[PDB]
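Visitor: Residue numbers (the authors' numbering), protein chains in the order written: chain A, 474 to 489, 526 to 566, 578 to 591; chain B, 1704 to 1715, 1724 to 1748, 1754 to 2005, 2042 to 2190; chain C, 1619 to 1631; chain D, 59 to 236; chain E, 549 to 709, 726 to 735, 745 to 791, 796 to 1008; chain F, 724 to 901, 922 to 954, 984 to 1156, 1177 to 1202; chain G, 831 to 995. The beta-carbon is built from N, C-alpha and C at its ideal position, and this holds for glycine as well.
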Amino acid sequence: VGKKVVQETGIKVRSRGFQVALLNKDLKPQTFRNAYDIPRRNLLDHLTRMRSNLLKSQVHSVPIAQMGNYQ
Amino acid sequence: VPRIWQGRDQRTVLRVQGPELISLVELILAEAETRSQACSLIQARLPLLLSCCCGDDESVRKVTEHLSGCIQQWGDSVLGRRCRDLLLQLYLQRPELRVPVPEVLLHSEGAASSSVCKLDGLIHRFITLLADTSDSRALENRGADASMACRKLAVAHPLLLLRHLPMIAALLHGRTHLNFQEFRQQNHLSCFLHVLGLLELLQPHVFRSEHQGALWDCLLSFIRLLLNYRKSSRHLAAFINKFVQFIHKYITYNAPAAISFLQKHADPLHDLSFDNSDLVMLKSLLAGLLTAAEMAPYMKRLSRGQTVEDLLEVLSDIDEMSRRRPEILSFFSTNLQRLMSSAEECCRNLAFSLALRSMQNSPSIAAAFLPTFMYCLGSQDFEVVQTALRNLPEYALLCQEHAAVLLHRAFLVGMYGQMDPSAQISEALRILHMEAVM
Amino acid sequence: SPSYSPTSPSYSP
Amino acid sequence: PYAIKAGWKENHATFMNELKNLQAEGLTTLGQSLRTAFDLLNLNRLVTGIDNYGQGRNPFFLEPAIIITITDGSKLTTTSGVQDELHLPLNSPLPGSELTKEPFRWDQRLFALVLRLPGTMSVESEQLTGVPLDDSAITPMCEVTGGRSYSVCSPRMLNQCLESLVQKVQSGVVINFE
Amino acid sequence: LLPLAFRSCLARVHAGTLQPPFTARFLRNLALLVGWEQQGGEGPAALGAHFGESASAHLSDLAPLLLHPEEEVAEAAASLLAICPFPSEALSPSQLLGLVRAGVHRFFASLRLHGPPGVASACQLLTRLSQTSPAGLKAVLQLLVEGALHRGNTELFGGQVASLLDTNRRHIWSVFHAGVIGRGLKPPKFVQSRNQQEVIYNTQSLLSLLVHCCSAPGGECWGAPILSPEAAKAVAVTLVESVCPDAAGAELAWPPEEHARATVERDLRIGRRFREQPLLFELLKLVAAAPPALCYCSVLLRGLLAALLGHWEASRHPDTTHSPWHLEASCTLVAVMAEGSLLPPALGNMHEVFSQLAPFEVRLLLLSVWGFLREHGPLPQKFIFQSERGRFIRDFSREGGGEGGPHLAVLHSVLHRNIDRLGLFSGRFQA
Amino acid sequence: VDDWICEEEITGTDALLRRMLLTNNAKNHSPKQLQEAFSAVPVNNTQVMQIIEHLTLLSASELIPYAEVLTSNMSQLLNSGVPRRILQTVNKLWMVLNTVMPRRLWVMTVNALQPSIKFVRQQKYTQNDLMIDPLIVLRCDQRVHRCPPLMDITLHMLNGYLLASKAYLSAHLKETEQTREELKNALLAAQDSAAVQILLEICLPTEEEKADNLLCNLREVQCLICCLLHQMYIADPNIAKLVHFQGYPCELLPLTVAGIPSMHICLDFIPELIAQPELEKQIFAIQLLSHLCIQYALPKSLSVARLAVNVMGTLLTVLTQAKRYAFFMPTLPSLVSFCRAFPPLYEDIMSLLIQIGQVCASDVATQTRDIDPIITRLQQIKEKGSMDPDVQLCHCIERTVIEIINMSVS
Amino acid sequence: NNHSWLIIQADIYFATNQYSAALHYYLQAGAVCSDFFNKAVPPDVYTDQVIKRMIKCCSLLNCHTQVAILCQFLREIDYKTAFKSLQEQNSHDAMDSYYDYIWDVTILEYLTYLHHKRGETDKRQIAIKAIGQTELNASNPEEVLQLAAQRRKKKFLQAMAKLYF
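(1) Leaving aside the five residues before and after E/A572 along the sequence, list all residues of the same chain whose C-beta is less than 6 Å from its C-beta, in chain order.
(2) Within 10 angstroms of its Cβ, does B/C1799 collect 16 or more other Cβ (buried), or is it exposed?
(3) Are the CB atoms of residue 793 of chain E and E/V582 nearer to each other than 8 Å?
(4) Please check if any C-beta of chain A sits within less than 8 Å of the C-beta of D/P151.
(5) What does A/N543 touch in chain F if you count any residue whose Cβ is under 7 Å from its own?
(6) What residue range is occupied by the uninterrupted beta strand (DSSP E) comprising G/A924?
(7) Taking 8 Å as the CB-CB limit, is E/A837 close to chain D?
(8) Can you name, in chain order, every residue of its own chain whose Cβ lies under 6 Å from the Cβ of E/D844, other than the five neighbours on each side?
(9) Could you pull out every residue in the same chain whose Cβ sits closer than 8 Å to the Cβ of D/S222, ignoring the five residues on either side in sequence?
(10) Return the residue from the list G/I842, G/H894, G/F995 and G/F986 that minimises the CA-CA distance to G/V871.
(11) Alpha carbon to alpha carbon, how far is residue 677 of chain F from F/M831?
(12) Less than 8 Å between the CB atoms is what I'm expecting for F/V1108 and F/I997, so what's the real figure, rounded?
(13) Out of D/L171, D/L186 and D/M215, which has the shortest C-alpha to C-alpha gap to D/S194?
(14) For the candidate residues B/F1977, B/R1814, B/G1729 and B/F1842, whose alpha-carbon lies nearest to that of B/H1782?
(15) Could you tell me the alpha carbon to alpha carbon distance between F/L942 and F/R862, rounded to whole angstroms?
(16) Can you tell me which of the three DSSP states D/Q166 falls into?
(17) Which residues of chain G have a Cβ atom closer than 8 Å to the Cβ of E/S642, listed in chain order?
(18) Output the distance between the C-alpha atoms of C/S1623 and B/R2100, rounded to the nearest integer angstrom.
(19) State yes or no: is the C-beta of G/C863 within less than 8 Å of the C-beta of G/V875?
(20) Would you check if the distance between the CB atom of E/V748 and the CB atom of A/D554 is smaller than 8 Å?
(21) Tell me the DSSP secondary structure of E/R968 in three-state form.
(22) What residues in its chain sit with their C-beta under 7 Å from that of E/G695, if we drop five residues either side in the sequence?
(23) What in chain A is Cβ-close to F/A1057, meaning under 9 Å?
(24) Between B/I1739 and the rest of its own chain, which residues show a CB-CB distance below 6 Å, the 5 nearest in sequence each way excluded?
(25) Strictly below 7 Å CB to CB, what residues from chain G border D/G84?
(26) Which runs of the alpha helix (DSSP H), 4 residues or longer, sit entirely within the segment 894-973 of chain G?
(27) Show which residues of chain A have a CB atom less than 9 Å away from the CB atom of G/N892.
(28) Name the chain G residues that come within less than 8 Å of D/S132, Cβ to Cβ?
(29) So does the segment 2173-2181 of chain B actually touch the segment 2144-2157 of chain B, counting three or more Cβ pairs closer than 8 Å?
(30) Use the C-beta contact count for G/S834: other C-beta atoms within 10 angstroms, 16 or more gives buried, fewer gives exposed.
(31) Give the straight-line distance between the Cα atoms of G/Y994 and B/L1855, rounded to the nearest whole angstrom.
(32) Give the residues of chain A in contact with F/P1043, contact being defined as C-beta atoms less than 8 Å apart.
(33) Nearest-angstrom Cα distance between B/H1840 and B/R1879?
(34) The alpha helix (DSSP H) with F/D875 in it runs from where to where?
(35) Tell me, please, whether the CB atom of E/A687 is closer than 8 Å to any CB atom in chain G?
(36) Quick one, are the C-beta atoms of F/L744 and F/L786 less than 8 Å apart?
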């Protein structure tokens, strides 16, 4: 009943087995951990942030149910 | 400057205005003039001119017409001579221009220079395709297309082909020994008649002094073929007629060279005449040592015919005899251009085939069929558009200067009209690319 | 092999 | 593999979470889904032996269930085409299914809530009358198994239908009289 | 000789040969020959050439030349098409559609390029095409108004509509801001500017062409022509299709105001379309000139009136002139409804007083208009065809309560409340 | 390695000129004299010319005193009308000083090349300051972007500080240990890619340059940056892969493909770049592949081009109208390049072009348009518009086919 | 402008597998019978046989969404042919652009399923938006559905006329 899996991202591309994946739903891009997840649009800002984080010096995206559960 | 080209690896580009380019080419001519008192320095300086022109067609054409004017001015001075040399070098470097250039360079002997044409390798490819053939009908179709492209280049740019004359002469030398049965089965007679027709269509220029040796080689191969297979001379009737006409034109335009060849090979001709005495034209040559009227009722019936039966009858009568006499179709060109747009399927198909055969024999008149063919592509009658697409690769191979607009029209009618001309445009474009820039 | 062009000679050992 | 998303051993919170995140993106494969629902309900019958096969029928051995199928009125669809008549498939029977030779069981009922809410509002005084029966393909299947369909055409009629549904849940079995 | 000559010349035109100067010269010469033959002197009869028939044989070939990139070829072809006679039998549907589309495209292109003066040829062509057949009339009207309302050509009628390096330059050693919301700053916004005189006269040219295409031929020596209710109905239905989707509540009978509150989104879409494109009102009164046709715009009128009612309810100013466009739109809407005989003269005069009232009073008057249209309705069957002059006329006296008793009571109450400023206007609402 | 190979003896002529000219005892040229020569109210290029030309002869050890004056006054070299030889000799002297006196020379040079509108502009860019943030050296006066000698200087600085920052933050994370290594590698990759992107944007012609002229300072700077990027790609091709995944303005693609011989490795990861979800990355992959196919016409290039044609044909029927326009406007000029590289692609290219042309024509037919290209079916050639997307895409298809036919026919 | 002769010409072209010309002449006949396509085409001209001929014409030209539209013209909608045609992927007609002209809700249901299965989310959103239109609600009053179908029919036939004429 669980079925903890999503639909295949393939396309079944025709030569009229290489396929182009869909949007990586629930990927959680590890922007700090991986440098390929940084868009060119905001490369410098994230560069500065990861630099400052790396030195001695995803959050706030909690689900709505767990957003105001003060208990 | 090394700074501008730093980091490059020197493998496979500046723009200048019109008057600046005119000044530069006049400066090159002045350098050539002071050098005169060969063409070495002109070829040495020419890469700068090509780089500055930046492959701009209008600029190259402007330089070409300016140099033509300079040659007209000087005529045959030292400046005129160096202008001719520069113009011929530029024409070899930029032969894509449709103009074959005026007669001024047709008289010069610069074709034998240590120079590389931008199109020579490609015509080499096509002439290899022409000569190399087997019993395969697919290879025969390839050779026919090769003969078509080579013939269009002959009528368009005759000087370029004549630079490759010793090559095809050597190939003719190689192919002559093979006995008659394999000669006929391998379709080598197709190659022989193709090269003979090509030489005929290179008429007023093949008789020059520079082309004399390879011409004599080709004629030697032809006469060797005639001697070796004199037993079965009847199957070579068309070849004999073509060769004798070429000999007639040779003695007409250039009598001394033709006589000097004949005396060099007198005894093969005498022996062939004694054995093949039935060659009445050959005996007429030894002695030396109408058409329009017939096609009046046919043309009248074709013009005044209304019903499909009459049109089909006259078209079949023209078709059956045109195989015997291909030259006649040149008279029916304008008359059967209107038949290519006829709604009736059978007459339209037959007229298209006859027109294609006519312009096949005479590539010059192919450009005359451009308006009617374009009208056929763009007409409302979808059958007409279909058959125009069917004959599109062949006529595209025929024209090659309006092949651009012709294929563009074909793509447009494919784009909006729901037909799929991708196959026909692909084949036509493949042949045209394999000629013009590959 | 970024230091050698694909149309360069191959050093076969 | 994904039709059932709240089966047995599933808490209420999981049911609510699954119900919120429903996407209407499939065919109207009513027959196959209904077969899946009946097979899910009859999953545990044989192992606990509630159906006393060959030993008479016991009304006191019941597991009372009702299937409330909420759907629109549009015709049934499959990848082959429109079926235009409800047919339960039996391609992969659960073991022992032939003993009852009908998917729906003794203590099960099917109430269809056919949504017929018009696009543009159409106020009608006829709405004050009782909820009528629907003409769609699900109505005979509802009738045979003791239930009935409902054709709501307004939010107040939906509330009336849901009030009627709550009164129609009650532990019992269905008997055909003659 | 002439068919073959025209065929060969046009074939050369379509092919790469016969460059645009000679093409324009050929087209102008053929136009001169056709016009000369139409001028029935002794010479055209003696010659026996029949340039018109031969030119008509190649109409499908001449139609693309209207779209030619070279302006001179385009206008030469436009003149030739304007004067050349259509084939004696008829125009084929493909030929008719091609000619109409090319004609409307040339009309709009020449209106953009030369302004109103360089438009006569295309106008003549389109009037002839409309006069050919009712299908031709419908096609001309529909395509013309659709091209007029298209996102292109709407400006003719007053319509509305280094990164990384610089970032490093700006960038002390902390980001400070957590990120950029969306795709950064919004653009510098859209601007527009055009002379209002040019807009007015372009609209005049378009409306004159539409009146020419709609008015029936012929005749008699006196009497202004009558706008055809069929042509105006065609313009009405294509207007309805263009502006709104004609989706729901499309029956001509108006619904209660509860439905007005239930379809506010479509009403706002219609209102915004009317606000952006002033040409719509002009086409509305063009439709209203023919009496029966404005009934088919019942969805448009209903939506615009609902939008105005919402605005006046929402308005908080004491004066009605703080909302200039909405006041003008209410006045124009009421006047257009009066022109099409959807309202009596008494209700039809209320737009004269809208500029003086408070928002709630004008909202009450417009709601009275809505109630009246609920009671009677814009039903074309109510229009009685007066054969005395070949025209449909709405009789309100026979309708019963045509003066609108409760509605005139509401209007009189509104006038009486503000009698200090509206005393002089009291006579406009007499029986 | 550039500094070390600079020290290598070429011919020994420099030693000869050292022993010959320097024996004149014209060594009275002093740093104070050079500073005075720089600070004349007129430019007075003659005195500075003679002094720095003389300084070329000086051996590296005794040239250390002149480091302060040469670096401090190099901002004045950015002014218009400075002779080229002045900058060339300053480049030579800076290279010598770098060979013997690297670190402090770099610190003072970055401090000197500040924009100067902020005057001091935080002159506290110490060795550590640049070592933690290499991109500071790119925060320099705009005039160096079209000054090839000092641009070459800046490129040397940038490469040195990239490597220095790598070693520095490695040492820092080692000593602060008292995972993070993954964050180290990601930060280094991001920093190198960011440097590459900034350099590529420097290569772009600015609006003024946009406002032919292929021989200018911009071409020189482009060659220098291409050489540096070639060095970086040889050092680590993964940086090239990361940069191309990030993409960059497509105007540079002819420049970058022609000037960076190591670019041929892009054909390895272009199949994976194609399979990305982002439409922009696929568009960039198509353009890059087109330029490479023009450059290197190889069997693997042909196979990747076949894959490109197949994916373009595939998602032709997956994209919406707006997405179709946005994807096929940039990637249609790539088809003519594919045709140029590989004649055996004529069949598939023409079939794809026919299919997209018919799709676009039907799309045009659905909604009323302005130009209505369908009735303009018999138009002629038109070589080199805010109209709606579909007619623009139809005209783009027309131009693509025109270019293919025109080049193949001649 | 003789619609019987136009239909005869269209059938002649169809017999010779000239599907483009056949569809051209069928649309010409339709344009003759109605005032352009402003009025509904009479049943006796666009009979089920003629509409099926147009279906096969569109199918052989790989205009599969156009087949999906014309399937709705029939007396009973031929869902089998429409579903079998929409399954294709070598379309030569702008697939997403023609989704405005479907008025049957089951055709759009199959469309949404197809796009969801194949993963093209954006076209699925277009299909779901098309379903979500208030006028296409299948339980509307009958004349409202009839008028929506009629206006979509008019717009689609006018688009076909612009495409093929």
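Guide: According to the structure shown:
(1) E620, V621 and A624
(2) buried
(3) Coordinates for residue 793 of chain E are absent; the numbering of chain E skips from 791 straight to 796.
(4) no
(5) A929
(6) No beta strand (DSSP E) holds G/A924; DSSP gives it neither H nor E.
(7) no
(8) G880, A883 and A884
(9) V189 and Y208
(10) G/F986
(11) No answer is possible for residue 677 of chain F: the residues shown for chain F start at 724 and end at 1202.
(12) Not really, about 28 Å apart at Cβ, beyond 8 Å.
(13) D/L171
(14) B/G1729
(15) 12 Å
(16) strand
(17) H854, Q858 and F995
(18) 56 Å
(19) yes
(20) yes
(21) strand
(22) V652, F656 and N701
(23) Residues of chain A passing the Cβ test: none, with the nearest at roughly 11 Å.
(24) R1761
(25) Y943
(26) 894-900, 909-916, 935-948 and 951-961
(27) The premise fails here: G/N892 is roughly 11 Å from chain A at the closest Cβ pair, so nothing lies under 9 Å.
(28) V935, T936, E939 and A968
(29) yes
(30) exposed
(31) 41 Å
(32) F527
(33) 10 Å
(34) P871 to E898
(35) yes
(36) no
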